[PDB]
Amino acid sequence: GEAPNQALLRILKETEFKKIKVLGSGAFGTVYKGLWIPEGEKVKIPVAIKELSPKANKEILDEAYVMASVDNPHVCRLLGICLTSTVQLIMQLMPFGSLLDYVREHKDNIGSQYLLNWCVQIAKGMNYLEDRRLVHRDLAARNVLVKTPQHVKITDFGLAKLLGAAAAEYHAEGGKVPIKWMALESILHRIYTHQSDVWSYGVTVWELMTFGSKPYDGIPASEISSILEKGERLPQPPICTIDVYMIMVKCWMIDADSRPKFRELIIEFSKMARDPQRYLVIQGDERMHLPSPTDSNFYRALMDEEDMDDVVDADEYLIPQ
Ligand SMILES: COc1cc(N2CCC(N3CCN(C)CC3)CC2)ccc1Nc1ncc(Cl)c(Nc2ccccc2P(C)(C)=O)n1
């Protein structure tokens with residue numbers, strides 16, 4: 001928390017990438033699917049372009065600072081920023097959307113092996129963020145993106161906060177935060193730690209184990225803190241053995257120091273990933289398959305471009321400016 005942050009902020013020309021379609025709009029702004037072509041390089045990189053006004057440019061550049069400071073296979077990569085009227089965040093395109101939408105659409109072909117492996121990767125990413133003293137404050141299935149069915153990464157650092165040295169927690173001021181993923185101490189006292197991210201990790205796992213069910217469905221956020229304070233929690237999903245449900249309940253304990261560490265969640269879920277049918281009970285588990293075409297034909301349909309001979313995923317484009 002005291003070392004100098006010598007990350008490179010890369011400025012990209014607007015001319016060298018093309019918007020193609022709207023992937024989504026909302027409170028976060030708008031996200032476009034696009035192709036980035038660094039002139040000189042015989043390369044086409046599939047990218048996602050996020051736009052959020054003086055107040056907007058500050059918040060965008062705060063997220064850019066955070067994303068430019070992380071480099072992990074299970075955290076999403078910031079490729080650079082573009083200095084238009086409103087600043088654009090250029091990020092790596094995750095061609096399969098959010099893990100929440102993925103498990104909802106493919107609920108009938110998702111096996112226990114995939115579910116448990118996603119839990120490992122998400123915990124690997126969150127453990128890396130803890131190593132960097134970064135509290136995400138918005139971990140949820142909607143903020144886990146699918147590069148391939150076997151590879152997911154964490155996104156949306158709009159609420160992320162770097163804990164300065166000798167600061168063990170972040171105290172927020174007001175703001176709109178998703179109540180149903182927040183730890184109780186965050187709801188009541190606006191205190192955020194890496195252990196409050198663990199609470200959100202448990203809700204995220206619950207989202208996956210229910211194939212994308214909404215937590216506390218049909219209950220107003222007004223009543224969430226009242227529910228948890230009385231000792232009520234999310235129910236045991238049908239496919240979950242007590243082994244898996246016990247891990248979720250440990251993430252939702254009142255004492256934040258009694259919750260597991262992301263380190264330990266990696267170990268536990270990786271152990272279960274070696275005998276998946278012993279911990280998740282899914283009918284037809286042995287006959288499930290999820291397609292991940294890395295063919296050059298796959299990108300021609302995704303990017304709506306006939307020629308994709310030079311397509312390079314952002315994870316293979318490491319060439320500096
Ligand atoms: C193909 O690429 C995508 C498509 C969708 N679509 C397609 C599926 C989905 N639908 C749903 C229902 N349908 C029936 C069937 C599948 C709808 C969304 C969504 C996301 C990405 N990738 C992507 N990479 C990087 C970013 Cl950085 C990003 N960011 C992003 C994109 C869109 C929304 C939110 C974000 P966030 C969390 C705030 O970054 N998004």
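This chain uses plain numbering: 1 for the first residue, then up along the sequence. Read the numbers this way: they start at 1 and go in the same order the structure lists the ligands and their atoms.
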List of N/O pairs, ligand 1 versus protein, all under 3.5 Å?
residue	atom	partner	partner atom	Å
ligand 1	2 (O)	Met94	O	3.2
ligand 1	22 (N)	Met94	O	2.8
ligand 1	24 (N)	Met94	N	3.0

Just to verify, what does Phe157 make a ring pair (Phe, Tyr, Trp, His ring centres under 6.0 Å) with, not counting sequence neighbours? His136
Does the pair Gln92 and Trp36 meet the rule for a side-chain hydrogen bond (donor to acceptor under 3.5 Å, both in side chains), with working shown? CA-CA 10 Å; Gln92 165 193 29; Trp36 177 34; over 6 Å; no
What pairs meet the salt bridge (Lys or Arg N to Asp or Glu O under 4.0 Å) rule with one or both residues in residues 71-92, with sequence neighbours excluded? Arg77-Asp315
Those residues that, when tested against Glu169, pass salt bridge (charged side-chain N to carboxylate O under 4.0 Å, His left out) (two or more places apart): none
Should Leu115 and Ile282 be marked as a side-chain contact (heavy atoms from CB on, under 4.5 Å) after you check the CA-CA gap, both sets of side-chain angles, and the distance that decides it? CA-CA 11 Å; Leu115 287 164; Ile282 299 177; 3.7 Å; yes
Could you label the plane-to-plane angle of the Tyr192 and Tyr170 rings as parallel, tilted or perpendicular, counting under 30° as parallel and over 60° as perpendicular? tilted
